[PDB]
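Have a look at start.cif below; it lists mmCIF, C-alpha atoms and all ligand atoms.
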data_entry
loop_
_atom_site.group_PDB
_atom_site.id
_atom_site.type_symbol
_atom_site.label_atom_id
_atom_site.label_comp_id
_atom_site.auth_asym_id
_atom_site.auth_seq_id
_atom_site.Cartn_x
_atom_site.Cartn_y
_atom_site.Cartn_z
ATOM 1 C CA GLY A 59 11.949 6.117 28.415
ATOM 2 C CA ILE A 60 15.007 4.662 30.296
ATOM 3 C CA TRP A 61 17.301 2.212 28.422
ATOM 4 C CA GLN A 62 20.715 0.562 29.005
ATOM 5 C CA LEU A 63 22.968 0.002 25.987
ATOM 6 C CA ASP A 64 25.831 -2.525 26.105
ATOM 7 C CA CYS A 65 27.456 -4.746 23.576
ATOM 8 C CA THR A 66 28.448 -8.345 23.598
ATOM 9 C CA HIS A 67 30.498 -10.738 21.381
ATOM 10 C CA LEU A 68 29.980 -14.215 19.871
ATOM 11 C CA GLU A 69 31.739 -16.102 17.007
ATOM 12 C CA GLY A 70 33.899 -12.944 16.605
ATOM 13 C CA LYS A 71 30.864 -10.672 15.868
ATOM 14 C CA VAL A 72 29.490 -7.744 17.942
ATOM 15 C CA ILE A 73 25.911 -7.794 19.304
ATOM 16 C CA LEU A 74 24.463 -4.428 20.336
ATOM 17 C CA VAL A 75 21.847 -4.973 23.103
ATOM 18 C CA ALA A 76 19.373 -2.329 24.344
ATOM 19 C CA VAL A 77 17.391 -3.152 27.567
ATOM 20 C CA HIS A 78 14.284 -1.264 28.638
ATOM 21 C CA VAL A 79 15.162 -1.256 32.315
ATOM 22 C CA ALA A 80 11.643 -1.276 33.963
ATOM 23 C CA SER A 81 10.391 -4.108 31.569
ATOM 24 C CA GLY A 82 13.501 -6.235 30.769
ATOM 25 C CA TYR A 83 12.458 -5.934 27.050
ATOM 26 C CA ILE A 84 15.495 -6.245 24.702
ATOM 27 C CA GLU A 85 16.378 -5.336 21.174
ATOM 28 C CA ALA A 86 19.570 -6.475 19.626
ATOM 29 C CA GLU A 87 21.519 -6.416 16.403
ATOM 30 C CA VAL A 88 24.688 -7.965 14.973
ATOM 31 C CA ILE A 89 26.824 -5.021 13.683
ATOM 32 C CA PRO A 90 30.037 -4.797 11.621
ATOM 33 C CA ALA A 91 32.647 -3.803 14.273
ATOM 34 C CA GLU A 92 31.437 -1.475 17.104
ATOM 35 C CA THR A 93 31.353 1.692 14.855
ATOM 36 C CA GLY A 94 29.752 5.047 15.846
ATOM 37 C CA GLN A 95 27.617 4.836 12.622
ATOM 38 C CA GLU A 96 25.966 1.461 13.388
ATOM 39 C CA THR A 97 25.303 2.287 17.085
ATOM 40 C CA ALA A 98 23.815 5.578 15.828
ATOM 41 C CA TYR A 99 21.657 3.660 13.296
ATOM 42 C CA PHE A 100 20.466 1.230 16.063
ATOM 43 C CA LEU A 101 19.660 4.183 18.357
ATOM 44 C CA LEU A 102 17.669 6.047 15.671
ATOM 45 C CA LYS A 103 15.694 2.815 14.853
ATOM 46 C CA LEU A 104 14.906 2.147 18.566
ATOM 47 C CA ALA A 105 13.794 5.757 19.267
ATOM 48 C CA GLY A 106 11.373 5.652 16.228
ATOM 49 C CA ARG A 107 9.651 2.578 17.780
ATOM 50 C CA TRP A 108 9.591 3.292 21.580
ATOM 51 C CA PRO A 109 9.894 6.429 23.753
ATOM 52 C CA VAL A 110 13.736 6.655 24.202
ATOM 53 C CA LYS A 111 14.440 9.543 26.702
ATOM 54 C CA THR A 112 17.722 8.418 28.380
ATOM 55 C CA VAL A 113 20.346 5.824 27.379
ATOM 56 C CA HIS A 114 22.763 4.644 30.116
ATOM 57 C CA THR A 115 26.201 3.214 29.107
ATOM 58 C CA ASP A 116 29.011 1.919 31.369
ATOM 59 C CA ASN A 117 32.111 3.144 29.441
ATOM 60 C CA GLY A 118 33.352 5.996 27.251
ATOM 61 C CA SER A 119 33.170 4.543 23.711
ATOM 62 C CA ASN A 120 29.716 6.041 22.926
ATOM 63 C CA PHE A 121 30.879 9.500 24.179
ATOM 64 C CA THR A 122 33.531 9.656 21.352
ATOM 65 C CA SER A 123 31.278 9.042 18.296
ATOM 66 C CA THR A 124 30.327 12.161 16.317
ATOM 67 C CA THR A 125 27.393 10.251 14.664
ATOM 68 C CA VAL A 126 26.027 8.864 17.999
ATOM 69 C CA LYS A 127 26.147 12.541 19.208
ATOM 70 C CA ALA A 128 24.106 13.692 16.157
ATOM 71 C CA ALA A 129 21.650 10.711 16.570
ATOM 72 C CA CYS A 130 21.231 11.604 20.235
ATOM 73 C CA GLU A 131 20.493 15.212 19.336
ATOM 74 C CA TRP A 132 18.273 14.501 16.257
ATOM 75 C CA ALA A 133 15.964 12.099 18.212
ATOM 76 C CA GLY A 134 16.169 13.822 21.600
ATOM 77 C CA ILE A 135 17.992 10.979 23.486
ATOM 78 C CA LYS A 136 19.962 11.977 26.640
ATOM 79 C CA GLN A 137 23.286 10.019 26.738
ATOM 80 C CA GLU A 138 24.004 9.368 30.493
ATOM 81 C CA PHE A 139 27.153 7.642 31.843
ATOM 82 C CA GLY A 140 26.653 5.046 34.569
ATOM 83 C CA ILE A 141 24.483 1.957 35.089
ATOM 84 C CA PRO A 142 22.903 1.898 38.633
ATOM 85 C CA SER A 153 23.081 -11.697 33.528
ATOM 86 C CA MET A 154 20.982 -10.364 30.587
ATOM 87 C CA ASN A 155 24.022 -10.806 28.199
ATOM 88 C CA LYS A 156 24.504 -14.270 29.839
ATOM 89 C CA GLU A 157 20.925 -15.733 29.596
ATOM 90 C CA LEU A 158 20.525 -14.406 26.009
ATOM 91 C CA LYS A 159 23.655 -16.572 25.199
ATOM 92 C CA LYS A 160 22.069 -19.675 26.817
ATOM 93 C CA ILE A 161 18.979 -19.164 24.553
ATOM 94 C CA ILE A 162 21.348 -18.511 21.530
ATOM 95 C CA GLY A 163 23.111 -21.910 22.150
ATOM 96 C CA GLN A 164 19.752 -23.824 22.281
ATOM 97 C CA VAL A 165 18.734 -22.394 18.791
ATOM 98 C CA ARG A 166 22.197 -21.868 17.197
ATOM 99 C CA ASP A 167 21.900 -24.979 14.962
ATOM 100 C CA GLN A 168 18.318 -24.011 13.748
ATOM 101 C CA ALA A 169 20.005 -21.036 11.892
ATOM 102 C CA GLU A 170 22.712 -20.525 9.204
ATOM 103 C CA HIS A 171 23.456 -16.930 10.443
ATOM 104 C CA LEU A 172 24.419 -15.923 14.033
ATOM 105 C CA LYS A 173 22.157 -12.845 13.647
ATOM 106 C CA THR A 174 19.080 -15.198 13.110
ATOM 107 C CA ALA A 175 19.963 -17.056 16.385
ATOM 108 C CA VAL A 176 20.319 -13.626 18.146
ATOM 109 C CA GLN A 177 16.856 -12.624 16.899
ATOM 110 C CA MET A 178 15.361 -16.080 17.871
ATOM 111 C CA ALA A 179 16.840 -15.516 21.355
ATOM 112 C CA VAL A 180 15.483 -11.912 21.550
ATOM 113 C CA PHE A 181 12.060 -13.301 20.503
ATOM 114 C CA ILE A 182 12.037 -15.987 23.272
ATOM 115 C CA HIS A 183 13.391 -13.589 25.938
ATOM 116 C CA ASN A 184 10.693 -10.951 25.093
ATOM 117 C CA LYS A 185 7.744 -13.413 24.709
ATOM 118 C CA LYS A 186 8.611 -15.886 27.598
ATOM 119 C CA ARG A 187 6.896 -15.679 30.976
ATOM 120 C CA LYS A 188 9.254 -15.687 34.005
ATOM 121 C CA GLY A 189 9.703 -19.363 35.020
ATOM 122 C CA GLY A 190 7.338 -20.467 32.187
ATOM 123 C CA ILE A 191 3.843 -19.680 33.667
ATOM 124 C CA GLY A 192 1.747 -16.705 34.885
ATOM 125 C CA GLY A 193 2.334 -12.924 34.843
ATOM 126 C CA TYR A 194 3.665 -10.954 31.869
ATOM 127 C CA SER A 195 6.369 -11.213 29.192
ATOM 128 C CA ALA A 196 8.983 -8.406 28.868
ATOM 129 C CA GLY A 197 7.178 -7.547 25.546
ATOM 130 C CA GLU A 198 3.832 -7.220 27.425
ATOM 131 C CA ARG A 199 5.382 -5.204 30.329
ATOM 132 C CA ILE A 200 7.001 -2.618 27.998
ATOM 133 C CA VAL A 201 3.566 -2.070 26.241
ATOM 134 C CA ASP A 202 1.742 -1.986 29.647
ATOM 135 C CA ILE A 203 4.328 0.565 31.081
ATOM 136 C CA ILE A 204 4.035 2.945 28.003
ATOM 137 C CA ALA A 205 0.202 2.517 27.795
ATOM 138 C CA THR A 206 0.312 3.856 31.420
ATOM 139 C CA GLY B 59 -1.708 -8.776 15.284
ATOM 140 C CA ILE B 60 -2.590 -7.770 11.648
ATOM 141 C CA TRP B 61 0.210 -6.370 9.416
ATOM 142 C CA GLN B 62 0.676 -5.520 5.704
ATOM 143 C CA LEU B 63 4.098 -6.131 4.148
ATOM 144 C CA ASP B 64 5.121 -4.405 0.897
ATOM 145 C CA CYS B 65 8.367 -3.189 -0.501
ATOM 146 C CA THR B 66 9.404 -0.008 -2.158
ATOM 147 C CA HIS B 67 12.471 1.329 -4.068
ATOM 148 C CA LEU B 68 14.664 4.461 -3.907
ATOM 149 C CA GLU B 69 18.171 5.262 -5.288
ATOM 150 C CA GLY B 70 18.177 1.658 -6.633
ATOM 151 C CA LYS B 71 17.774 0.095 -3.124
ATOM 152 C CA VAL B 72 14.835 -1.944 -1.720
ATOM 153 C CA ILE B 73 12.899 -0.757 1.363
ATOM 154 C CA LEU B 74 10.833 -3.398 3.164
ATOM 155 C CA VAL B 75 7.854 -1.699 4.908
ATOM 156 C CA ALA B 76 5.578 -3.364 7.497
ATOM 157 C CA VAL B 77 2.347 -1.466 8.474
ATOM 158 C CA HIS B 78 0.303 -2.291 11.557
ATOM 159 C CA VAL B 79 -3.043 -1.790 9.870
ATOM 160 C CA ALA B 80 -5.248 -0.590 12.836
ATOM 161 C CA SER B 81 -2.504 1.935 14.027
ATOM 162 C CA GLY B 82 -0.659 3.039 10.832
ATOM 163 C CA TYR B 83 2.622 2.277 12.748
ATOM 164 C CA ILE B 84 5.487 1.371 10.338
ATOM 165 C CA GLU B 85 8.786 -0.400 10.493
ATOM 166 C CA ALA B 86 11.119 -0.401 7.588
ATOM 167 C CA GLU B 87 14.529 -1.565 6.491
ATOM 168 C CA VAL B 88 16.844 -1.148 3.499
ATOM 169 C CA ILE B 89 17.744 -4.717 2.343
ATOM 170 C CA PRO B 90 20.238 -6.119 -0.196
ATOM 171 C CA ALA B 91 17.943 -7.177 -3.103
ATOM 172 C CA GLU B 92 14.459 -8.537 -2.150
ATOM 173 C CA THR B 93 15.815 -11.967 -0.926
ATOM 174 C CA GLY B 94 13.762 -14.568 1.029
ATOM 175 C CA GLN B 95 16.497 -14.481 3.770
ATOM 176 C CA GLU B 96 16.290 -10.722 4.502
ATOM 177 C CA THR B 97 12.446 -10.619 4.438
ATOM 178 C CA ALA B 98 12.571 -13.629 6.794
ATOM 179 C CA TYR B 99 15.058 -11.779 9.060
ATOM 180 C CA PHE B 100 12.798 -8.637 9.076
ATOM 181 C CA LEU B 101 9.746 -10.795 9.891
ATOM 182 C CA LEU B 102 11.489 -12.607 12.777
ATOM 183 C CA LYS B 103 12.697 -9.217 14.213
ATOM 184 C CA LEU B 104 9.180 -7.661 13.971
ATOM 185 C CA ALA B 105 7.430 -10.681 15.577
ATOM 186 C CA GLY B 106 9.910 -10.588 18.569
ATOM 187 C CA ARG B 107 8.868 -6.944 19.245
ATOM 188 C CA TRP B 108 5.063 -6.861 18.561
ATOM 189 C CA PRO B 109 2.284 -9.487 18.385
ATOM 190 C CA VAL B 110 2.499 -10.550 14.664
ATOM 191 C CA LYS B 111 -0.458 -12.973 13.981
ATOM 192 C CA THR B 112 -1.187 -12.375 10.244
ATOM 193 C CA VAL B 113 0.876 -10.748 7.467
ATOM 194 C CA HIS B 114 -1.004 -9.679 4.297
ATOM 195 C CA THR B 115 0.930 -9.356 0.975
ATOM 196 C CA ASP B 116 -0.398 -8.366 -2.481
ATOM 197 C CA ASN B 117 1.703 -10.665 -4.746
ATOM 198 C CA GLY B 118 3.320 -14.106 -4.860
ATOM 199 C CA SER B 119 7.014 -13.377 -4.151
ATOM 200 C CA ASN B 120 6.768 -14.112 -0.384
ATOM 201 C CA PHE B 121 4.943 -17.435 -1.103
ATOM 202 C CA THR B 122 8.080 -18.784 -2.943
ATOM 203 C CA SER B 123 10.732 -18.252 -0.208
ATOM 204 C CA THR B 124 11.684 -21.372 1.769
ATOM 205 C CA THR B 125 13.191 -19.167 4.573
ATOM 206 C CA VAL B 126 10.104 -16.863 4.828
ATOM 207 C CA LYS B 127 8.078 -20.146 5.156
ATOM 208 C CA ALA B 128 10.333 -21.341 8.034
ATOM 209 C CA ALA B 129 10.219 -17.831 9.693
ATOM 210 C CA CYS B 130 6.434 -17.856 9.417
ATOM 211 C CA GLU B 131 6.277 -21.280 11.037
ATOM 212 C CA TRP B 132 8.980 -20.668 13.727
ATOM 213 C CA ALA B 133 7.283 -17.440 15.001
ATOM 214 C CA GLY B 134 3.673 -18.461 14.358
ATOM 215 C CA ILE B 135 2.900 -15.835 11.625
ATOM 216 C CA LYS B 136 0.011 -16.643 9.213
ATOM 217 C CA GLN B 137 0.999 -15.574 5.639
ATOM 218 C CA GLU B 138 -2.289 -14.394 3.956
ATOM 219 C CA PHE B 139 -2.582 -13.256 0.303
ATOM 220 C CA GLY B 140 -4.637 -10.133 -0.363
ATOM 221 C CA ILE B 141 -4.775 -6.569 0.977
ATOM 222 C CA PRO B 142 -8.424 -5.431 1.649
ATOM 223 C CA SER B 153 -0.215 6.434 -0.008
ATOM 224 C CA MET B 154 1.881 5.102 2.936
ATOM 225 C CA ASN B 155 4.816 4.312 0.507
ATOM 226 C CA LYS B 156 4.185 7.806 -1.013
ATOM 227 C CA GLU B 157 4.123 10.020 2.165
ATOM 228 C CA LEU B 158 7.144 8.153 3.639
ATOM 229 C CA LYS B 159 9.012 9.288 0.420
ATOM 230 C CA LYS B 160 7.939 12.939 0.946
ATOM 231 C CA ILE B 161 9.410 12.762 4.516
ATOM 232 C CA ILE B 162 12.561 10.971 3.088
ATOM 233 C CA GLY B 163 13.119 13.891 0.597
ATOM 234 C CA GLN B 164 12.851 16.554 3.391
ATOM 235 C CA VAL B 165 15.642 14.758 5.451
ATOM 236 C CA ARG B 166 17.662 13.101 2.625
ATOM 237 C CA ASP B 167 20.495 15.688 2.815
ATOM 238 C CA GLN B 168 20.764 15.404 6.700
ATOM 239 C CA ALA B 169 22.114 11.803 6.108
ATOM 240 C CA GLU B 170 25.042 10.129 4.253
ATOM 241 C CA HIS B 171 23.121 6.778 3.963
ATOM 242 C CA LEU B 172 19.630 6.291 2.410
ATOM 243 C CA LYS B 173 18.838 3.844 5.260
ATOM 244 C CA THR B 174 19.363 6.722 7.853
ATOM 245 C CA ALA B 175 16.856 8.916 5.887
ATOM 246 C CA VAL B 176 14.408 5.917 5.814
ATOM 247 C CA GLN B 177 14.722 5.565 9.599
ATOM 248 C CA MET B 178 14.366 9.402 10.119
ATOM 249 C CA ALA B 179 11.179 9.191 8.011
ATOM 250 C CA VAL B 180 9.868 6.137 9.967
ATOM 251 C CA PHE B 181 10.582 8.085 13.198
ATOM 252 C CA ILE B 182 8.594 11.185 12.050
ATOM 253 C CA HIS B 183 5.716 9.102 10.612
ATOM 254 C CA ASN B 184 5.388 7.087 13.897
ATOM 255 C CA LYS B 185 5.818 10.069 16.312
ATOM 256 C CA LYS B 186 3.825 12.775 14.330
ATOM 257 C CA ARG B 187 0.245 13.659 15.220
ATOM 258 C CA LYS B 188 -2.210 13.688 12.271
ATOM 259 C CA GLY B 189 -2.199 17.269 10.885
ATOM 260 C CA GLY B 190 0.339 18.336 13.578
ATOM 261 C CA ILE B 191 -1.898 18.732 16.719
ATOM 262 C CA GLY B 192 -4.164 16.657 19.017
ATOM 263 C CA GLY B 193 -4.939 12.914 19.211
ATOM 264 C CA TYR B 194 -2.344 10.135 19.020
ATOM 265 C CA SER B 195 0.761 9.196 17.015
ATOM 266 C CA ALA B 196 0.860 5.829 15.151
ATOM 267 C CA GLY B 197 3.488 4.800 17.810
ATOM 268 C CA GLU B 198 1.010 5.675 20.625
ATOM 269 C CA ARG B 199 -1.966 3.952 18.871
ATOM 270 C CA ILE B 200 -0.082 0.644 18.378
ATOM 271 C CA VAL B 201 0.834 0.616 22.166
ATOM 272 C CA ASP B 202 -2.762 1.650 23.129
ATOM 273 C CA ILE B 203 -4.280 -1.122 20.835
ATOM 274 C CA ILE B 204 -1.981 -3.915 22.296
ATOM 275 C CA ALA B 205 -2.376 -2.616 25.911
ATOM 276 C CA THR B 206 -6.135 -3.202 25.228
HETATM 277 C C1 LIG A 301 24.896 4.231 9.403
HETATM 278 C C2 LIG A 301 24.393 5.228 9.914
HETATM 279 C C3 LIG A 301 23.790 6.497 10.518
HETATM 280 O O1 LIG A 301 22.722 6.362 11.514
HETATM 281 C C4 LIG A 301 22.359 7.644 11.916
HETATM 282 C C5 LIG A 301 21.359 8.031 12.848
HETATM 283 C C6 LIG A 301 21.145 9.422 13.109
HETATM 284 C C7 LIG A 301 21.901 10.433 12.424
HETATM 285 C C8 LIG A 301 21.680 11.915 12.663
HETATM 286 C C9 LIG A 301 22.893 10.003 11.518
HETATM 287 C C10 LIG A 301 23.131 8.644 11.254
HETATM 288 C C11 LIG A 301 24.044 7.830 10.373
HETATM 289 C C12 LIG A 301 25.184 8.336 9.322
HETATM 290 C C13 LIG A 301 24.515 9.018 8.085
HETATM 291 O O2 LIG A 301 23.856 8.211 7.317
HETATM 292 O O3 LIG A 301 24.588 10.285 7.997
HETATM 293 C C1 LIG A 302 19.216 -13.875 6.990
HETATM 294 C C2 LIG A 302 18.396 -14.600 7.547
HETATM 295 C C3 LIG A 302 17.401 -15.539 8.229
HETATM 296 O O1 LIG A 302 16.291 -14.955 8.990
HETATM 297 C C4 LIG A 302 15.530 -16.005 9.494
HETATM 298 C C5 LIG A 302 14.365 -15.946 10.306
HETATM 299 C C6 LIG A 302 13.739 -17.163 10.724
HETATM 300 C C7 LIG A 302 14.282 -18.442 10.360
HETATM 301 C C8 LIG A 302 13.653 -19.749 10.807
HETATM 302 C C9 LIG A 302 15.431 -18.453 9.541
HETATM 303 C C10 LIG A 302 16.057 -17.273 9.109
HETATM 304 C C11 LIG A 302 17.261 -16.895 8.284
HETATM 305 C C12 LIG A 302 18.345 -17.860 7.540
HETATM 306 C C13 LIG A 302 19.236 -18.587 8.598
HETATM 307 O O2 LIG A 302 20.045 -17.811 9.246
HETATM 308 O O3 LIG A 302 19.024 -19.826 8.799
#

Represent the structure of the file as structure tokens.
Amino acid sequence: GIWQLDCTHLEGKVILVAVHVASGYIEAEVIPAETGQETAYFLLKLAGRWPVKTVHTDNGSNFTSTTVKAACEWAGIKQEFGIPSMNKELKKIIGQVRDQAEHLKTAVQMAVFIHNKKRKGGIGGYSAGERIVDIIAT
Amino acid sequence: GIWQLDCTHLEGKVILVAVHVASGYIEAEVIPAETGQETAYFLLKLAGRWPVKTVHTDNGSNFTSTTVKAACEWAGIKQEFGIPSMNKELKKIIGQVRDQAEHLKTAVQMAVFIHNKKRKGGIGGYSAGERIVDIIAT
């Protein structure tokens, strides 16, 4: 149930990125402007899909949102400070698709798709999408 | 990889619902007004998360959207006509939470959460969320 949440920026829009740490599986979303509400909405969606026990963030923003607090509590997500390359390689894949899409969000989702379905170096072993299912099945 | 897509309506807003047929797992989203684009966006998101091989719909709307067609083709989703209670029991769970939320979409996601994490009749056996992971792990 361990995730990292961070955010990243492109064409002046904010991309929320959750990583399932043991798998490298990602979910992402383009949000209107870093709000408590939208982070809360993304958390509640993610927790309804996967076991989400602990979310690790690297700064204080998410500790100051009333709605994130209520989402955390509603869904039983521990907020934990501290995070003991992803953003970067998702952007490479976004640039290779960017023109195949009117909306930035469609390119973000095409990039999430490829990241989660790819095999590491293109052959053999498991996708991030397969590893997350394999870890939760065990 | 078999899903059903349908849509439903509440407080004058449209809720897109995908069901993984063997599991009963659901994903849902509140969209602005039944567009090709937003259905396409929802499909591309879903396929990046789960194996999505075939989507079954019960009418023609999704066969007339250029963007749905391109999403289908990009992600390798077969669109199939014909669907050989869900909407209804999701609405019961929405009514029990509706007041716990400013936005309808938050109540939809609280209802998706409970539907996917619940056990059938409250004890024993597996949640829809556990069955989808168990079916794909096998
Ligand atoms: C947008 C948004 C949003 O997402 C959430 C997730 C969990 C909880 C308890 C609350 C919210 C809200 C605000 C609300 O609708 O009450
Ligand atoms: C909104 C939206 C949207 O979602 C998609 C999913 C797959 C594909 C090929 C295209 C789109 C678009 C339109 C676009 O951004 O080109």

Please give chain A as a tab-separated table (two decimals) with C-alpha atoms, in the coordinates of the input, after it has been superposed on chain B by least squares over all Cα atoms paired in order.
chain	number	residue	atom	x	y	z
A	59	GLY	CA	-1.71	-8.78	15.28
A	60	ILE	CA	-2.59	-7.77	11.65
A	61	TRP	CA	0.21	-6.37	9.42
A	62	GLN	CA	0.68	-5.52	5.70
A	63	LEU	CA	4.10	-6.13	4.15
A	64	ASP	CA	5.12	-4.41	0.90
A	65	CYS	CA	8.37	-3.19	-0.50
A	66	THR	CA	9.40	-0.01	-2.16
A	67	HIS	CA	12.47	1.33	-4.07
A	68	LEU	CA	14.66	4.46	-3.91
A	69	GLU	CA	18.17	5.26	-5.29
A	70	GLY	CA	18.18	1.66	-6.63
A	71	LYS	CA	17.77	0.09	-3.12
A	72	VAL	CA	14.83	-1.94	-1.72
A	73	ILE	CA	12.90	-0.76	1.36
A	74	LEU	CA	10.83	-3.40	3.16
A	75	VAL	CA	7.85	-1.70	4.91
A	76	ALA	CA	5.58	-3.36	7.50
A	77	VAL	CA	2.35	-1.47	8.47
A	78	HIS	CA	0.30	-2.29	11.56
A	79	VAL	CA	-3.04	-1.79	9.87
A	80	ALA	CA	-5.25	-0.59	12.84
A	81	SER	CA	-2.50	1.93	14.03
A	82	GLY	CA	-0.66	3.04	10.83
A	83	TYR	CA	2.62	2.28	12.75
A	84	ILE	CA	5.49	1.37	10.34
A	85	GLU	CA	8.79	-0.40	10.49
A	86	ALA	CA	11.12	-0.40	7.59
A	87	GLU	CA	14.53	-1.57	6.49
A	88	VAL	CA	16.84	-1.15	3.50
A	89	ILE	CA	17.74	-4.72	2.34
A	90	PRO	CA	20.24	-6.12	-0.20
A	91	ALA	CA	17.94	-7.18	-3.10
A	92	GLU	CA	14.46	-8.54	-2.15
A	93	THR	CA	15.81	-11.97	-0.93
A	94	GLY	CA	13.76	-14.57	1.03
A	95	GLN	CA	16.50	-14.48	3.77
A	96	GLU	CA	16.29	-10.72	4.50
A	97	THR	CA	12.45	-10.62	4.44
A	98	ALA	CA	12.57	-13.63	6.79
A	99	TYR	CA	15.06	-11.78	9.06
A	100	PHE	CA	12.80	-8.64	9.08
A	101	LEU	CA	9.75	-10.79	9.89
A	102	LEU	CA	11.49	-12.61	12.78
A	103	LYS	CA	12.70	-9.22	14.21
A	104	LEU	CA	9.18	-7.66	13.97
A	105	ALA	CA	7.43	-10.68	15.58
A	106	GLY	CA	9.91	-10.59	18.57
A	107	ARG	CA	8.87	-6.94	19.24
A	108	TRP	CA	5.06	-6.86	18.56
A	109	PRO	CA	2.28	-9.49	18.38
A	110	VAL	CA	2.50	-10.55	14.66
A	111	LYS	CA	-0.46	-12.97	13.98
A	112	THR	CA	-1.19	-12.38	10.24
A	113	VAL	CA	0.88	-10.75	7.47
A	114	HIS	CA	-1.00	-9.68	4.30
A	115	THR	CA	0.93	-9.36	0.98
A	116	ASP	CA	-0.40	-8.37	-2.48
A	117	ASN	CA	1.70	-10.66	-4.75
A	118	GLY	CA	3.32	-14.11	-4.86
A	119	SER	CA	7.01	-13.38	-4.15
A	120	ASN	CA	6.77	-14.11	-0.38
A	121	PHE	CA	4.94	-17.43	-1.10
A	122	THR	CA	8.08	-18.78	-2.94
A	123	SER	CA	10.73	-18.25	-0.21
A	124	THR	CA	11.68	-21.37	1.77
A	125	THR	CA	13.19	-19.17	4.57
A	126	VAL	CA	10.10	-16.86	4.83
A	127	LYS	CA	8.08	-20.15	5.16
A	128	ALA	CA	10.33	-21.34	8.03
A	129	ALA	CA	10.22	-17.83	9.69
A	130	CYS	CA	6.43	-17.86	9.42
A	131	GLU	CA	6.28	-21.28	11.04
A	132	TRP	CA	8.98	-20.67	13.73
A	133	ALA	CA	7.28	-17.44	15.00
A	134	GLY	CA	3.67	-18.46	14.36
A	135	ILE	CA	2.90	-15.83	11.63
A	136	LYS	CA	0.01	-16.64	9.21
A	137	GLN	CA	1.00	-15.57	5.64
A	138	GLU	CA	-2.29	-14.39	3.96
A	139	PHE	CA	-2.58	-13.26	0.30
A	140	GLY	CA	-4.64	-10.13	-0.36
A	141	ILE	CA	-4.77	-6.57	0.98
A	142	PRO	CA	-8.42	-5.43	1.65
A	153	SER	CA	-0.21	6.43	-0.01
A	154	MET	CA	1.88	5.10	2.94
A	155	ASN	CA	4.82	4.31	0.51
A	156	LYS	CA	4.19	7.81	-1.01
A	157	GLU	CA	4.12	10.02	2.17
A	158	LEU	CA	7.14	8.15	3.64
A	159	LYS	CA	9.01	9.29	0.42
A	160	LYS	CA	7.94	12.94	0.95
A	161	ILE	CA	9.41	12.76	4.52
A	162	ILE	CA	12.56	10.97	3.09
A	163	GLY	CA	13.12	13.89	0.60
A	164	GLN	CA	12.85	16.55	3.39
A	165	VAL	CA	15.64	14.76	5.45
A	166	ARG	CA	17.66	13.10	2.62
A	167	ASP	CA	20.49	15.69	2.82
A	168	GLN	CA	20.76	15.40	6.70
A	169	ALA	CA	22.11	11.80	6.11
A	170	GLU	CA	25.04	10.13	4.25
A	171	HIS	CA	23.12	6.78	3.96
A	172	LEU	CA	19.63	6.29	2.41
A	173	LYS	CA	18.84	3.84	5.26
A	174	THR	CA	19.36	6.72	7.85
A	175	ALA	CA	16.86	8.92	5.89
A	176	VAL	CA	14.41	5.92	5.81
A	177	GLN	CA	14.72	5.56	9.60
A	178	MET	CA	14.37	9.40	10.12
A	179	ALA	CA	11.18	9.19	8.01
A	180	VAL	CA	9.87	6.14	9.97
A	181	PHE	CA	10.58	8.08	13.20
A	182	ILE	CA	8.59	11.19	12.05
A	183	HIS	CA	5.72	9.10	10.61
A	184	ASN	CA	5.39	7.09	13.90
A	185	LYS	CA	5.82	10.07	16.31
A	186	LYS	CA	3.83	12.77	14.33
A	187	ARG	CA	0.25	13.66	15.22
A	188	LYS	CA	-2.21	13.69	12.27
A	189	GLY	CA	-2.20	17.27	10.88
A	190	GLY	CA	0.34	18.34	13.58
A	191	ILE	CA	-1.90	18.73	16.72
A	192	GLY	CA	-4.16	16.66	19.02
A	193	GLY	CA	-4.94	12.91	19.21
A	194	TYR	CA	-2.34	10.13	19.02
A	195	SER	CA	0.76	9.20	17.01
A	196	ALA	CA	0.86	5.83	15.15
A	197	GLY	CA	3.49	4.80	17.81
A	198	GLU	CA	1.01	5.67	20.63
A	199	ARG	CA	-1.97	3.95	18.87
A	200	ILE	CA	-0.08	0.64	18.38
A	201	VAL	CA	0.83	0.62	22.17
A	202	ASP	CA	-2.76	1.65	23.13
A	203	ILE	CA	-4.28	-1.12	20.83
A	204	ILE	CA	-1.98	-3.92	22.30
A	205	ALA	CA	-2.38	-2.62	25.91
A	206	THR	CA	-6.14	-3.20	25.23

*Expected selection as an MDAnalysis selection string for ligand LIG 301 (chain A) within 7 Å, all atoms listed in the file*: (chainID A and resid 95:96 98:99 101:102 125:126 128:129 132) or (chainID B and resid 168:174)

*Of the residues A:176, A:201, A:113, A:72, which is the one nearest to ligand LIG 302 (chain A), using all atoms listed in the file?*
A:176

*Please provide the set of residues having any atom within 10 Å of residue 194 in chain A, restricted to only C-alpha atoms, with same-chain residues fewer than 5 positions apart removed, written as a list in words.*
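These residues fall inside the cut-off: residues 81, 184, 185, 186, 187, 188, 199, 200 and 202 of chain A.
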
_Hits of the PyMOL selection byres ((chain B) within 9 of (chain A and not hetatm)) in this structure, as number ranges by chain_ = B: 83-85, 99, 102-103, 105-109, 132-133, 173-174, 177-185, 197-198, 201-202, 204-206

_Best match for closeness to ligand LIG 302 (chain A) among B:114, B:166, B:156, B:127, counting all atoms listed in the file_ = B:127

*Tell me which of A:154, A:191, A:135, A:88 sits closest to ligand LIG 302 (chain A), counting only C-alpha atoms and all ligand atoms.*
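Using only C-alpha atoms and all ligand atoms, the shortest distance to ligand LIG 302 (chain A) belongs to A:88.
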
*What lies within 10 Å of residue 67 in chain A using all atoms listed in the file, ignoring chain neighbours under 3 positions off, as a list in words?*
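Contacts, in chain order: residues 70, 71, 72, 73, 74, 88, 155 and 159 of chain A.
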